[PDB]
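What follows is one structure encoded as C-alpha cells, with my remarks underneath.
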Amino acid sequence: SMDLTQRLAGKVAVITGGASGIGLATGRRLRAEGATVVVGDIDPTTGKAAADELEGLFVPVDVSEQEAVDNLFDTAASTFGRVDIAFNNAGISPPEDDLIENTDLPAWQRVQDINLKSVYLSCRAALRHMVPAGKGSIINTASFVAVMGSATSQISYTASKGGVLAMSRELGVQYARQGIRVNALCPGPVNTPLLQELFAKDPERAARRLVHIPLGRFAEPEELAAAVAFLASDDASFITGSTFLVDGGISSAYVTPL
Amino acid sequence: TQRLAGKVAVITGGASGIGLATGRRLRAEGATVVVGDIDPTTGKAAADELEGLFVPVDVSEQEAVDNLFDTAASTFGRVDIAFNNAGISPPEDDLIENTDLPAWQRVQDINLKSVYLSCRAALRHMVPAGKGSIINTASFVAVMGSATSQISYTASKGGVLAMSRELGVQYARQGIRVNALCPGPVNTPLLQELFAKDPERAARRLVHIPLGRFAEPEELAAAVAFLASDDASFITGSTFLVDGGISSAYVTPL
Amino acid sequence: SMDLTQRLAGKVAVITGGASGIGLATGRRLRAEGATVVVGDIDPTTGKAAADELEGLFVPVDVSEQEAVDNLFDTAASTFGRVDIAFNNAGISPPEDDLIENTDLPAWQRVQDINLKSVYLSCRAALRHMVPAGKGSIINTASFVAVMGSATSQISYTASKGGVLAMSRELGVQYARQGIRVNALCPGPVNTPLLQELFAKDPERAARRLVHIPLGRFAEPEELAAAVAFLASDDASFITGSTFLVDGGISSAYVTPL
Amino acid sequence: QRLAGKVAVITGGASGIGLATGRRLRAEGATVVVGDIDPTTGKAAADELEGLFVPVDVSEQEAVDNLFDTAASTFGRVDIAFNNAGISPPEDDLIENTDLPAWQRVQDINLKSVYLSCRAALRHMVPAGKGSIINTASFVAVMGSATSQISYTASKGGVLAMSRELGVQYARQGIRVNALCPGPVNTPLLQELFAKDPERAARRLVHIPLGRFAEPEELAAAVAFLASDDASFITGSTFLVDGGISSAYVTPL
Ligand SMILES: NC(=O)c1ccc[n+]([C@@H]2O[C@H](COP(=O)([O-])OP(=O)(O)OC[C@H]3O[C@@H](n4cnc5c(N)ncnc54)[C@H](O)[C@@H]3O)[C@@H](O)[C@H]2O)c1
Ligand SMILES: NC(=O)c1ccc[n+]([C@@H]2O[C@H](COP(=O)([O-])OP(=O)(O)OC[C@H]3O[C@@H](n4cnc5c(N)ncnc54)[C@H](O)[C@@H]3O)[C@@H](O)[C@H]2O)c1
Ligand SMILES: NC(=O)c1ccc[n+]([C@@H]2O[C@H](COP(=O)([O-])OP(=O)(O)OC[C@H]3O[C@@H](n4cnc5c(N)ncnc54)[C@H](O)[C@@H]3O)[C@@H](O)[C@H]2O)c1
Ligand SMILES: NC(=O)c1ccc[n+]([C@@H]2O[C@H](COP(=O)([O-])OP(=O)(O)OC[C@H]3O[C@@H](n4cnc5c(N)ncnc54)[C@H](O)[C@@H]3O)[C@@H](O)[C@H]2O)c1
Ligand SMILES: [Mg+2]
Ligand SMILES: [Mg+2]
Ligand SMILES: [Mg+2]
Ligand SMILES: [Mg+2]
Ligand SMILES: [Zn+2]
Ligand SMILES: [Zn+2]
C-alpha cells in the first residue's frame with residue numbers, strides 16, 4: 001500500500017554541494033522517490049554529470065556569494081514554478097583549518113564564509129520562495145561536531161557547524177506555523193574511498209576514531225540520503241527544529257562495544 | 001513499496017493509538033504484524049485488519065512478555081522489529097504531593113519494567129539472528145519537564161530513554177539497533193473536543209508547541225517505519241524526538 | 001569580600017547515603033560552608049562516624065521505605081527547625097545488575113527500589129517541609145549514564161538514573177515559582193582507593209574507560225561536593241531543572257586528547 | 001579567598017555580565033584585567049576593581065593579542081579568561097529582513113572574537129599548564145525563538161560548539177574551557193519596558209519556569225564557580241544558567 005517511489009512525486013528539490021558525497025547520494029535518493037532535482041555546485045563538470053544522471057538541472061554556484069545563491073534558487077523557481085525542498089549542504093573542511101593554535105584568520109574566515117554564511121544565504125533565498133508558497137522543507141547540513149567536540153580539531157569547521165545547528169533550530173521554530181519545516185542534518189563521519197584506503201594503511205589512526213563510534217564504521221552517503229528524504233517528506237510532518245543526528249551512536253556513547 | 005517486505009514486527013499496545021497506527025503503516029510497507037495487547041477485543045480486531053497475529057500479553061509480566069516474542073518467533077520464524085510501545089498514564093499518578101506508592105509503582109511496572117522485559121525477550125531472538133530493530137516508546141517528557149506533572153509517568157519515560165540509549169550502544173556491533181521514540185503530545189477525538197470546550201487549557205499547552213497542534217498517531221507511525229527500516233541503518237541509541245519542535249523552542253510563533 | 005565559609009551558614013542539609021563516597025564528601029563541604037548536616041544512612045556505624053566528624057546528626061534510614069524516608073525528613077525538621085537543602089543521593093550498583101541478558105527481575109527491581117523509588121520518596125518528603133517554608137534546594141543524584149550509554153551496562157542502574165534525571169527536571173520546572181529549586185547532579189565515574197588499585201593492576205580495563213574521558217581520570221568525590229555546594233547555595237539561584245553534568249567532559253567528547 | 005592571586009581577563013568587562021563578574025571575581029581575591037571598547041567606562045570599571053584597563057576591539061587580532069599579552073606582562077600570567085564581549089544590534093533581526101552587512105558584523109564581533117580570544121588565552125595558558133576559559137554563548141545556542149535575531153543565534157551556536165571542542169582538546173593540559181549559556185538578563189531598560197508592555201513580557205516569561213530574567217550577579221556567580229577549582233572536573237560544558245528555560249514544557253503559574 002505504501003510506495004516510497006512516489007513519496008516525493010512532483011516535488012522540486014534544490015541541493016547545494018550536489019555533485020558529490022552526501023549531496024549526490026541525496027540527489028539520487030530524492031529522484032528515486034519522484035523528485036525533480038536542481039543540482040547546485042561549484043564544479044561545472046561534476047555538476048553537469050550529476051544533473052544528467054538525475055535527469056535534472058545544473059546551476060553553477062559559489063555558495064559563499066549572495067548573487068550566486070540567489071541565482072540558484074531563483075533559477076529553480078523560474079524553471080519549475082516552485083521550490084519544495086532545499087538541502088543546504090555545501091561545505092568544506094580544508095587542511096589549513098585545523099587546531100586553533102595553527103589556524104590563522106584567512107583559514108578561519110574562508111571556512112565561515114563557505115560553511116555558515118552559505119547557509120544563511122541559502123535559507124534566505126529558499127524562504128523567499130517558500131513563504132509565499134505556504135510550504136517547504138529545508139534541511140541544513142550541520143554535523144555531529146555541532147554536538148560533540150574533538151581533540152582532533154578543525155576549529156573553524158566546528159564553529160561553523162555549531163552556527164548552522166543553532167540557526168536551523170531557530171528557523172524551524174520561527175516558521176512552524178507558516179507551513180514550513182527547517183531541520184539540521186547532523187551526520188557522523190562519512191566514508192570515502194580515500195578514507196577506506198587511509199584507514200587500512202593506518203589502523204592505529206583509524207582505531208583512535210572508531211573506538212568512539214558504536215557501529216564501528218563511518219556512514220555511507222546513502223545513509224544520510226535516506227535521512228534527508230525522510231525529512232524532506234510528509235513522513236516528517238511533525239518534525240521541525242530538529243538536531244537530527246545520523247551518527248552511528250557517537251553522541252550517545254561512553255564505552256563502546258568490542 | 002515494500003520497504004519492510006517480509007519483515008516480522010511485534011508491537012505491544014498494538015490495538016490502540018500509536019501502536020495501531022504503526023501496525024497499519026508497517027503492514028503498508030509489507031510487514032507481518034504481531035499485535036500484543038492486554039485487550040483481546042481490540043487486539044483481535046487490529047490483528048484481523050492487519051492480516052496479522054493477535055497474542056494476549058500483560059507487558060508487566062515476564063512470562064507474558066517472553067510468550068509474546070516466543071510465539072511470534074515460533075509462528076513466523078523470526079522477529080525483525082520490536083516496537084515496545086505499551087504504556088499507561090492513569091489519573092492516580094499526578095503531582096508528586098498527591099501521588100501515593102500504589103500509583104507510583106503501577107506506572108513503573110507497566111511503563112518501565114515492561115521495556116526491560118520486552119527488550120530482554122526481543123534480544124533473545126534477535127542476537128542469534130544477527131539483526132533487529134528495537135524501537136522503545138519513551139516520551140518528549142523524558143527530555144522536557146512540566147508543571148502539569150504525572151511524576152511516575154515522567155520518571156518511567158526517563159528510564160526508558162536511558163535504557164534505550166545504552167542498549168543501542170551495547171549492541172551496535174551485533175547488528176541490532178535500539179532507539180527511543182520520543183513523541184510530543186498526541187491528538188485524539190477526545191482531546192480535540194476537550195480543547196474546543198476549553199481554549200484556555202489548550203492555549204496553555206499549544207503556546208509551547210511551534211507547530212501549534214498535537215501530533216497525529218500516523219505521524220509517529222511514520223517515524224517508527226523509518227527507524228524499523230534500513231533507511232535508519234546508521235541510527236542507533238537515538239533520542240528520536242517527534243515533538244513538533246517542543247524540545248527546541250523558547251518563544252513560539254503566533 | 002566573598003567568604004564561602006559562610007555561604008550556607010545556618011542552613012540545614014539532609015544528605016542520604018551520607019556516610020560514604022560523594023555523600024560524605026558533600027557533608028564535609030556543606031559543613032565547611034556553615035551548614036548543619038543530617039546524615040541519613042542505612043549503616044549505623046559509618047553513619048554515626050560521619051555525623052560525628054561533621055558535628056551533625058545521624059538518622060538511620062532505608063531510603064527504599066516510605067516510613068523511614070518520612071522519618072528522616074520529619075526528624076531533621078523537628079530537630080533543627082527546617083530542611084533548607086536535600087541531597088537525595090543514596091543509591092546502589094550491585095553486581096547482580098549487569099548486562100540485560102543476564103539480569104533477572106529480583107536484581108532489576110531491587111535497583112529500581114533503592115535508586116529511583118527512593119528519590120520519589122525523598123523529594124515527596126523534602127517538599128512537605130520546603131513548600132510551606134517557601135524555600136529550599138533539592139539536589140538528586142542521577143549519573144552521566146542518564147545522558148550517555150555504555151556497552152559495559154548495568155541496565156537497571158542506567159534506567160534508574162534516567163528516571164531520576166527526568167523526575168528532577170520536572171520537579172524543578174513545577175516548583176520554580178514556589179521558592180524551590182530542584183536539580184539533578186550527574187557525576188561522571190568517581191574514584192576510590194579500590195578503583196585506583198584496580199586500574200593500576202589492569203591498565204587494559206582502565207584505558208577502555210579513560211579513552212572516553214577528556215580529563216583522563218575519574219572524579220574525586222570532593223569535586224562532586226563542590227558542585228552540590230554550588231547548587232545548594234544562592235549562587236545557583238537561576239539554576240533549576242538542570243542536567244548538571246560534572247563528568248570531566250565525557251558527555252561532550254568524540255576523540256579525546258592523548 | 002577562592003580566587004586569591006588569580007589573574008582574570010574579562011572582555012566586555014565595563015558593563016553588564018562582564019562588570020558583575022569583575023566585581024565577583026575581585027571579591028574572591030582575583031586581579032581583574034578589564035578589556036573593553038570604551039575607555040571611559042573601561043577605566044571606571046578597572047578603577048573600581050583595583051585592576052587594569054586595556055582598550056580592545058575584540059574583532060581585531062592584533063588588539064586581542066595585545067590584551068592578553070599586556071595582562072601577562074603586567075601581572076605575570078593569565079589564570080582566567082572570561083571571553084564575554086558580544087553585541088545584539090537591531091539590524092540583526094528576522095532572516096528575511098537581515099542583510100549581509102548586519103550578518104557579518106555580528107559574526108565578527110560575537111564569534112570571530114571568541115576564536116581570537118581563545119587563541120590568545122590558550123597561547124598563554126598552555127605554558128603555565130593551567131587555566132580556565134569561560135566563553136559567553138547563550139541559551140539561544142540551545143533553544144530557538146520566533147522572535148529571532150538570526151546572526152546572533154548563529155554566532156552563539158558557533159561559540160558553544162567551539163567551546164566544547166576546545167574543552168575536550170585541552171583537557172589533559174590542565175586547562176578547562178566551558179560555555180556559559182545565560183538565559184535572558186534583566187536591565188533597568190527591560191524592567192521599565194516590561195511594565196509598559198505586559199503583553200510583551202508575558203509572551204517571554206511564560207517560557208521561563210522561574211518567571212523572571214536573570215540578574216547579572218547570578219551569571220557572575222556561575223563564572224566564579226567555573227573559574228575556580230570548584231569546577232576542576234567540568235570542561236566542555238554547555239553551562240546553562242537559564243531559569244529552567246531549556247528544560248521546560250508547560251510552566252507553573
Ligand atoms: N565526514 C563527512 O564527510 C561529514 C560529516 C558530517 C557533515 N558533513 C558535511 O556534509 C556536507 C557534504 O559532505 P560531503 O562528505 O558530501 O563532502 P564532499 O566534498 O564529497 O561534497 C561537497 C560538495 O560541495 C561542492 N562545493 C564546495 N565548495 C562549494 C562552494 N563554494 N559552492 C558550491 N559548492 C561547493 C563541492 O564541489 C562538492 O561537490 C558538508 O557540509 C560537510 O561539512 C560531512
Ligand atoms: N500524548 C500521547 O499519547 C503520548 C506521548 C508520548 C508518549 N506516549 C507513549 O506512547 C505509547 C502509546 O501511547 P498511546 O497514546 O497510543 O496509548 P493508547 O492508550 O491509545 O493504546 C495503547 C495500548 O496499550 C494497551 N495496554 C495497556 N496496558 C497494557 C499492558 N499491561 N499490557 C499490554 N498492553 C497494554 C492498551 O490496551 C492499548 O491498546 C505509550 O507508551 C505512551 O506512554 C504517548
Ligand atoms: N562512579 C560513581 O561512584 C558514581 C557516578 C555517578 C553517580 N553515582 C551515584 O552517586 C551516588 C553516591 O555514590 P557513591 O559512590 O558516593 O556511593 P558509596 O557506596 O561510596 O556510599 C554509600 C552510602 O550510601 C548508603 N546507602 C546504601 N543503601 C542505602 C539505603 N537503602 N538507605 C540509606 N543509605 C543507603 C550507604 O550505606 C552509604 O551511606 C549514588 O546514587 C551513585 O549511583 C556514582
Ligand atoms: N539577555 C542578555 O543580556 C544575554 C543573554 C545571553 C547571553 N548574552 C551575552 O553575554 C555577553 C554580555 O552580555 P551583556 O548583557 O552584559 O552586554 P552589555 O552590552 O551590557 O556589555 C557589553 C560590553 O562589551 C563592550 N564591547 C562591545 N563591543 C566590543 C568590542 N568589539 N570589543 C570590546 N568590547 C566591546 C561594550 O563596551 C560593553 O561594555 C554577550 O556576549 C551577550 O551576547 C547576553
Ligand atoms: Mg577535509
Ligand atoms: Mg492519562
Ligand atoms: Mg557497583
Ligand atoms: Mg540588542
Ligand atoms: Zn568516546
Ligand atoms: Zn515553552
Side-chain angles (χ1 to χ4, degrees), chain B residues 17 87-94 103 107 110-111 139 148 150 152-153 185-186 188 191 250, chain C residues 238, chain D residues 9-22 34-42 44-46 53-60 63-64 66-67 82-93 102 105-106 108-114 116-117 134-143 145 147 149 151-153 155-156 159-160 179-188 190 193 204 208 213-220 222-223 239-243 245:
Chain B
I88 57 172
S89 69
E92 296 81 10
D93 173 39
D94 199 64
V107 171
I110 294 294
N111 288 11
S139 175
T148 49
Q150 286 191 280
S152 188
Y153 182 89
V186 181
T188 58
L191 283 172
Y250 177 49
Chain C
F238 206 61
Chain D
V9 179
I10 303 179
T11 61
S15 71
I17 298 175
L19 180 55
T21 297
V34 178
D36 206 280
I37 197 74
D38 179 25
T40 299
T41 56
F53 169 68
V54 182
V56 53
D57 183 344
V58 292
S59 78
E60 292 282 355
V64 171
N66 175 72
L67 163 68
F82 184 28
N83 301 327
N84 164 77
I87 56 169
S88 66
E91 291 72 38
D92 175 42
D93 197 66
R105 179 160 112 97
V106 171
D108 292 347
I109 298 292
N110 287 11
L111 177 60
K112 176 178 171 183
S113 61
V114 176
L116 292 174
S117 298
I134 302 91
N135 298 316
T136 305
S138 173
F139 82 108
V140 308
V142 178
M143 312 289 286
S145 175
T147 46
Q149 284 191 287
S151 193
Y152 182 90
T153 297
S155 75
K156 294 306 193 175
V159 169
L160 178 58
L180 180 78
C181 301
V185 176
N186 196 27
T187 66
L190 287 167
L193 170 40
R204 284 124 193 101
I208 314 183
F213 285 8
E215 291 306 317
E217 290 77 16
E218 295 180 295
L219 282 317
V223 181
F239 203 84
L240 285 155
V241 185
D242 71 347
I245 289 166

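The chains referred to below are lettered A, B, ... by the order of the sequence lines, with proteins before strands, and numbering in each begins at 1. Counting starts at 1 for both ligands and their atoms, following the listed order. In what follows, every heavy atom counts, from backbone to side chain, and hydrogens, waters and symmetry copies are set aside.
- Remark: ligand 4 atoms within the under-4.0 Å shell around heavy atoms of D:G16 are 16 (O), 20 (O).
- Within the 4.0 angstrom cut-off, atom 15 (O) of ligand 4 has no protein heavy-atom neighbours.
- Taking a cut-off of under 4.0 Å to the non-hydrogen atoms of D:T136, the atoms of ligand 4 that pass are 9 (C), 10 (O), 11 (C), 41 (O).
- Below 3.5 Å of separation, one finds an N or O of D:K156 facing an N or O of ligand 4.
- The contact set between ligand 4 and D:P184, taken as ligand atoms under 4.0 Å from a residue heavy atom, comprises 1 (N).
- D:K156 places no side-chain N or O within 3.5 Å of a backbone atom of D:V142 that could act as its donor or acceptor partner.
- Distance check for atom 34 (N) of ligand 4: a protein heavy atom is found below 4.0 Å.
- Side-chain atoms of D:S155 come within 3.5 Å of backbone N or O of D:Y152 as a donor-acceptor pair.
- For ligand 4, the polar-atom distance check finds no N/O of D:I87 at less than 3.5 Å from any of the ligand's N/O atoms.
- Between D:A137 and ligand 4, no N or O atom pair is found at a separation short of 3.5 Å.
- Listed by number with element, the atoms of ligand 4 under 4.0 angstrom from any heavy atom of D:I109 are 31 (N).
- Between the side chain of D:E217 and the main chain of D:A20, no donor-acceptor pair closer than 3.5 Å is present.
- Distances below 4.0 Å separate heavy atoms of D:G86 from the following atoms of ligand 4: 41 (O).
- The closest non-hydrogen atom to atom 36 (C) of ligand 4, taken over D:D36, D:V34, D:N84, comes from D:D36.
- Residue-ligand proximity, D:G183 to ligand 4, at heavy-atom distances under 4.0 Å covers atoms 5 (C), 6 (C).
- For B:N111 (side chain) and B:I88 (main-chain N/O), a donor-acceptor pair under 3.5 Å exists by modelled atom type.
- In terms of heavy-atom proximity, B:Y250 sits nearest to D:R204 at OH-CB, 3.5 Å.
- The closest non-hydrogen atom to atom 27 (C) of ligand 4, taken over D:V241, D:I10, D:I37, comes from D:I37.
- Nearest non-hydrogen protein atom to atom 13 (O) of ligand 4 is D:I17 CD1, 4.0 Å.
- Shortest non-hydrogen contact noted between D:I109 and D:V58 is O-CG2, 4.0 Å.
- Less than 2.8 Å away from the Mg ion (ligand 6), the protein contributes these N/O/S atoms: B:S89 O, B:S89 OG.
- At least one donor-acceptor pair closer than 3.5 Å links the side chain of D:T11 to the backbone N or O of D:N84.
- What sits closest to atom 1 (N) of ligand 4 on the protein, heavy atoms only, is D:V185 N, 2.9 Å.
- The D:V58 neighbourhood of ligand 4 comprises atoms 30 (C), 31 (N), 32 (N), 33 (C), with distances under 4.0 Å to a heavy atom of that residue.
- Listed for the D:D92 side chain is a donor-acceptor partner under 3.5 Å among the backbone atoms of D:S151.
- The shortest heavy-atom contact between D:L160 and D:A179 is CD1-CB, 3.6 Å.
- For atom 43 (O) of ligand 4, the nearest non-hydrogen atom from the set D:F213, D:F82, D:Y152 belongs to D:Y152.
- Here the shortest heavy-atom distance to atom 20 (O) of ligand 4, taken over D:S15, D:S59, D:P39, belongs to D:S15.
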